[PDB]
Amino acid sequence: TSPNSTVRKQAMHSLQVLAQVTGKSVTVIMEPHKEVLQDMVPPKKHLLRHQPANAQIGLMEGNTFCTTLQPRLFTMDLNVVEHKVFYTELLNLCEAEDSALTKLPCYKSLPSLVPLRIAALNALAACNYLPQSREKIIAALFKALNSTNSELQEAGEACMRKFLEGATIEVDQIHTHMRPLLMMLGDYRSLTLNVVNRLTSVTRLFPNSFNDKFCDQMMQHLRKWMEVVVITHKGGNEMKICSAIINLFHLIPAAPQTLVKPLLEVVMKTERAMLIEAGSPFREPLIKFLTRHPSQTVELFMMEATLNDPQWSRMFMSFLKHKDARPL
């Protein structure tokens, strides 16, 4: 529970090393000592609001560590007053606005709340075994997963991955929590890089969520974004938007093989307009998608007319030379 992040992480790593060398588990090693944690896991004698931010993060990380062990060293029970207080503080920290935290004196001087929010989210995701909590925890995890902050988004994805290891989540819950984002992406201008990153995280965690019609909508949006990229190039983040959208396809299991032809056509059109082959950032995600349907790609490229057309032949040769193109 040390406030010093280096010493805390080295102690946790040291306990894991000791468990690996001895062959015992971390819980067995920590079990006779755990008396020394009784005041800290969960924090009893002080409210976290009174404690400095570094101490708060250290206590939350220590709680996450003790609760994440395979046999839990401490099991939180919401019937215990201190445990409910700690859980409520974690929920408030995850849910509250940045301005509501800033007015609190302990946070008032942090350069960024984001490390505190990540530590709180990790401490909340560790409570996957309490059946009463799950709805609020899932709501907080989805709020973090939908955060415009990149670091908070990645932390939300990781915490959701950690939470799903010990708790189920229903498809209805996913659809209800993701409905605000899915409704907004009807127009192509709404597809910022953050939105596509959030969709990527959702499809990584929950592959079932997205179906064929979503892939068609993403294809239409990608066509419009590639047209915008070409217009911008002719006039002189859209390239990253395009690349992320293409990368989204190979992570959706419901993406049909029929997408290969329009995807190749739009990438070829954009590259020909921009006159780029080596510097094209569309090849890396496209080859990931093509390797998922290698027979369709080979049959499309190995057509006589397509092998005569020098541009398509060049694109085929470039794909076949790639490291990931073993299926092709």
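Rules behind the numbers
- Residues numbered from 1 in each chain as written, not as in the entry; some residues may be left out.
- Part of a larger assembly, values for the part shown.
- Heavy atoms only, no water.
- Helix = DSSP H or I, 4+ residues; strand = E, 2+ residues; numbered from the N terminus.
- Buried < 20%, exposed > 50% of the residue type's maximum accessible area, 1.4 Å probe, protein only.
- Areas by Shrake-Rupley, 256 points an atom, 1.4 Å probe, with all protein chains shown as cover.
- Salt bridge = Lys/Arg side-chain N within 4 Å of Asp/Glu carboxyl O.
- Patch = residues over 30% accessible without salt bridge, like charges linked within 9 Å, V, L, I, M, F, W, Y side chains within 5 Å.
- Axes fitted to C-alpha atoms, helices over the stretch in contact; angles between N-to-C directions.
- Parallel < 35°, antiparallel > 145°, perpendicular 65-115°, else oblique.
- Contact = heavy atoms within 4.5 Å.
- Nonpolar A, V, L, I, M, F, W, Y, C, P; charged D, E, K, R; others polar.

(A) Expanded view of the overall build of the protein chain. Within the protein chain, the regular secondary structure consists of 17 helices and zero strands. Projected onto the principal axes, the alpha-carbon positions of the protein chain cover approximately 75 × 50 × 35 Å. Here the protein chain, with 328 residues, has 46% of them falling under the buried criterion. A total of about 17600 Å² of accessible surface is found on the protein chain, and carbon and sulfur atoms cover 54% of it.

(B) View of the pattern of salt bridges. Applying the stated criterion to the full structure yields eleven salt bridges. A salt bridge links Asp187 to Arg189; its shortest N-O distance comes to 3.0 Å. According to the relative accessible area criterion, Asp187 is partly exposed, its value standing at 33%. In this structure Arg189 comes out as exposed when scored by relative accessible area, which is 58%. What emerges from the salt-bridge pattern is a single network uniting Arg8, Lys9 and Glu61.

(C) Spotlight on a nonpolar patch on the surface. The grouping of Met302, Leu307, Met317 and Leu320 at the surface amounts to a nonpolar patch, some 340 Å² of accessible area in total. Topologically, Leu307 is positioned in helix α16 (residues 304–308).

(D) Local environment of the packing of helix α14 (residues 283–292) against helix α17 (residues 310–320). Viewed as axis vectors pointing N to C, α14 and α17 meet at an angle of 80°, and their least axial separation amounts to 11 Å. Relative to α17, the element α14 is oriented roughly perpendicular. Along its contact with α14, which presents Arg283, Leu286, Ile287 and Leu290, the element α17 presents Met315, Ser318 and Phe319. The residue inventory of the contact of α14 with α17, partitioned by class, reads five nonpolar, one polar and one charged.

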